[PDB]
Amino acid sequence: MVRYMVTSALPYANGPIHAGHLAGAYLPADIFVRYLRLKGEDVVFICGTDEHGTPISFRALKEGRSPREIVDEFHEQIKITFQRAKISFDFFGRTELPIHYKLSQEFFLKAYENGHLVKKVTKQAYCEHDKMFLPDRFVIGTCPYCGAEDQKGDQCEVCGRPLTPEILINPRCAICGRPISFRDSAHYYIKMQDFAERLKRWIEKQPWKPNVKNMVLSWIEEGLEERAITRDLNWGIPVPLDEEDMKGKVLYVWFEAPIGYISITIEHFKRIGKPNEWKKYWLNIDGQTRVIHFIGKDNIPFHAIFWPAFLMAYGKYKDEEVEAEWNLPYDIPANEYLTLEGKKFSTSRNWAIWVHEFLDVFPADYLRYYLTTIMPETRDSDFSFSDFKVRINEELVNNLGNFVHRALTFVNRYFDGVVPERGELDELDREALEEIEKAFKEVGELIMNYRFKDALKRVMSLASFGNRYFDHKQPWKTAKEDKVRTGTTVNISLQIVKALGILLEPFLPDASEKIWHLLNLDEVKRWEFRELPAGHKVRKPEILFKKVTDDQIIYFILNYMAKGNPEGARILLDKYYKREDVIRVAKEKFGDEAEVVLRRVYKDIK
């Protein structure tokens, strides 16, 4: 019996998360883990904020704040956001945890000890007016492909994606604009080549899709250049070595980050009261823990190559309990990117769907539903507002919500909300109870295969099946002729609602508890279905979902989207709506300030 150690790529504590992030590695992981829990399986779901690296440091000088100040701010912002998103991480830690410092440092020390490292002195950047080295994101120059002013790290705003700090033209320190200087420095490196073979061999015998497995093999087919794992940063985890040359140096966040996956788990079992249980999840003791890594496509290389090697370089974990080895990525589910109304998410262009903002106007189920509806699985998908409301209202409201409502509304009208007893069953009755079985079976398999968009579809169809059932069983007619008959229809219909109650859970937790209350159940939610007993008391018909409005979308676009990118807003607005309508919404939404918005989006209007 396998147990599961599930993680989600650590979000960087330099900003808030957007739907691309969620759709990319959190929502999938949540859907998967919830399922596993309903299955009764043994799974741990971990995550936390990545709090080191040049960026965070950069931003600190930028806003004149300590790197600690900002990560403390974003850890809270993100942890709460995930709670809002209903992402059930068993624990959400942070790489600022003392234990992370200890484990990373050990990790590095284990690499020292197995001669997988190599000190090296290189000539590198510097500022004399600021008396400090100038790592990655401090580069401030022209581009490496196109030629634009001011380019940092490796993302751009031009065409540029990945522009090493040196291929940049006119190197000038970002902090003060002083043209860079060159001071040589010492850093330790990892002889990745030491694991190329062992890696390739391991990758061979593994259930990953060729589109990855292979491309990975290729990438390895040409040596692994010794990568540096140290940095000249004033923020981060100190390199253990007590020498004078390694003073004021830190472990490349690039190296310690993944170790966070273990650090946090350990932290989890500590505070949970069972200090040593973590060992069975990350250590290959009587080996059989499937370690899953939900990530974004960009993380495949790292997770299928370097991270595994970092683990190997620590050959032996060993004290007071088995000297076993670290497990390796069982699987590394990755998702493509997400676009917004035809364009890519852009923090620069301030064009994205921020979870915390979006969740201010729409319920979590809506964001979770639609996003799974467009899960960037095999390719990229495009978030669209017209697409969003239409799927919710047409699918979630008109179908799932509709069925549930009808069902209850009937058991309440003809039986005073008491579950009728079932008489003989004809073909449909027989087929309906079978469909319930089919769903549980198939949805479960689709999930274990990372086919969420299709898994959610299998569920919606069951609701679709329920509607049909009702539509052509006509309880409103049958009730004026054959009581017993209607009783069956009704009882059967509710069975489908209870089932839809458990099946939905992994996808929409809230619409799940909503249904459970309507059915009035204490029953611990589980994947093994059990019919609703006759004589069971159900609650009065409530509503499941309220249709998305244009008033809402406009309010959203105007209130968030707009200031940050007025043109983006304007283009969206007079693309879906008439200006005479937006004004009205704006007027009856922003009181004595509506006017100082409309003019802000529609360049000139007064």
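Numbering starts at 1 and follows the sequence shown.
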Could you settle it for me: does 364-372 or 289-297 have the higher average Cα B factor in the PDB entry?
289-297
Stretch with higher mean Cα temperature factor, 417-425 vs 123-131, is 123-131
Using the temperature factors in the entry, find which of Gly501, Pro533, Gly141, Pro238 has the highest value at its Cα atom.
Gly141
Choose from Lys79, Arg178, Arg231, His517 the residue with the greatest Cα B-factor as stated in the PDB record.
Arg178
Lowest, middle or highest third: where is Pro308 by C-alpha B factor in its chain?
middle
Tell me, lowest, middle or highest third: where does the Cα B factor of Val548 rank within its chain?
lowest
Temperature factor at the Cα of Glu96, chain-ranked in thirds, falls in the lowest
Comparing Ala60 with the other modelled residues of its chain, is its CA B-factor in the lowest, middle or highest third?
highest
Modelled-residue ranking by C-alpha temperature factor, third containing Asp522
middle
